[PDB]
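Heads up, the chain below is alone and in the form deposited in one PDB entry; it's given as structure tokens.
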């Protein structure tokens, strides 16, 4: 592949000093972009995900607008449960649904062997290779997947939930079957993630988007071991294959309570939601790991000038070292692209000012 030209994101991820703070945005390819909506209007959601050219195009769109320091492949975390044999749908204005969720132990019988999932996700790898070629070394390309617990929640609940009451009911009433599911997920995720790197991904982010529904005791029992296993095994497989392991980011949304644990889980970067004060996060994770985040996405509803000030304060709190800027969650569909531009420009401006 083309030689990387701007590697600032990777250097920060590994914890090296840089001349400025690199920045990207979760959902930078999203509906807040008119061109995103135009491109998506052609196919249905999971059809778009299966088209390497469409994913590559949506990936590149944000970078034509903003000098972001990383791209993330366009895809969805639900491609994994789909490749395990569950049927998904993207309900008109209503979001993802599995009309036949896993509700009892016996339901695990309809899943594929996790060892075959990577072969079912060829299309993601083709999107990854194409996008890495087309980016031509501009910035690094991030691959990603959902974390086991979070993927379990979608598979059991059948969609989103404000309580995760069914998935937590599995944890308390069906602990063994929960462990079996989580192990299936882990064993699918590892080869999928490795394959993303083989195909060209230069970093990886694991989204534990549903961490916050758990307290510490359940998280430590049911989410953390598999988060740790994913990192250990991805790195091992890559080493064995002759490849360079890439930086890995763990993002546990609403995970204030697990930050200490997550800093010892084998990830170079811990991502933060906007509810955790940067200084408290730094005290929790210590001085080696890199932090990523964490501006309230809704802050981008403020004026460009206000965004600038919010960004300056955020950057003062994180300090110049061991830090990659991002929002605290993905961009929302009603947000103004110019405000996203203001965020990006302000990270770049103040982080330089903060260095001299």
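Residue numbers count along the first chain shown, from 1.
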*Between 7 to 15 and 344 to 352, which has the larger average Cα B-factor in the PDB entry?*
344 to 352
_Average Cα temperature factor in the PDB entry - higher stretch of 305 to 313, 38 to 46_ = 38 to 46
*Using the entry's values, work out which of 227, 193, 248, 284 has the largest Cα B factor.*
284
*From 186, 89, 75, 202, which pick has the Cα B-factor that tops the rest in the entry?*
89
*Name the third of the chain's ranked CA B-factors that contains residue 123, choosing lowest, middle or highest.*
middle
*Ranked by Cα temperature factor within the chain, is residue 61 in the lowest third, the middle third or the highest third?*
middle
*Chain-relative CA temperature factor third for residue 161*: highest
*Please rank the C-alpha B-factors of the chain's modelled residues and tell me whether residue 107 sits in the lowest, middle or highest third.*
highest
*Mind checking which third residue 213 falls in for C-alpha B-factor across the chain?*
lowest
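Keep in mind that the form solved in complex with a small molecule is not shown, yet the notes after this line are about it.
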*If you check 96, 278, 101, 212 against the small molecule in the deposited complex, which one has a heavy atom within 4.5 Å?*
96
_Using a 4.5 Å heavy atom cut-off, which residue among 227, 72, 258, 156 comes into contact with the small molecule in the deposited complex?_
72
*For the chain seen here without its partner, which of 298 to 306, 285 to 293, 27 to 35, 316 to 324 has a heavy atom within 4.5 Å of the small molecule in the deposited complex?*
27 to 35
_Please determine whether each residue of 45, 207 and 251 possesses a non-hydrogen atom within 4.5 angstroms of the small molecule in the deposited complex._
yes
_Contact test in the deposited complex: residue 199 vs the small molecule, heavy atoms, 4.5 Å_ = no
*Using 4.5 Å between non-hydrogen atoms, is residue 312 touching the small molecule in the deposited complex?*
no
*asked:* Is residue 222 part of the interface with the small molecule in the deposited complex - any heavy atom within 4.5 Å?
replied: no
*Is there a heavy atom of residue 77 no more than 4.5 Å from a heavy atom of the small molecule in the deposited complex?*
yes
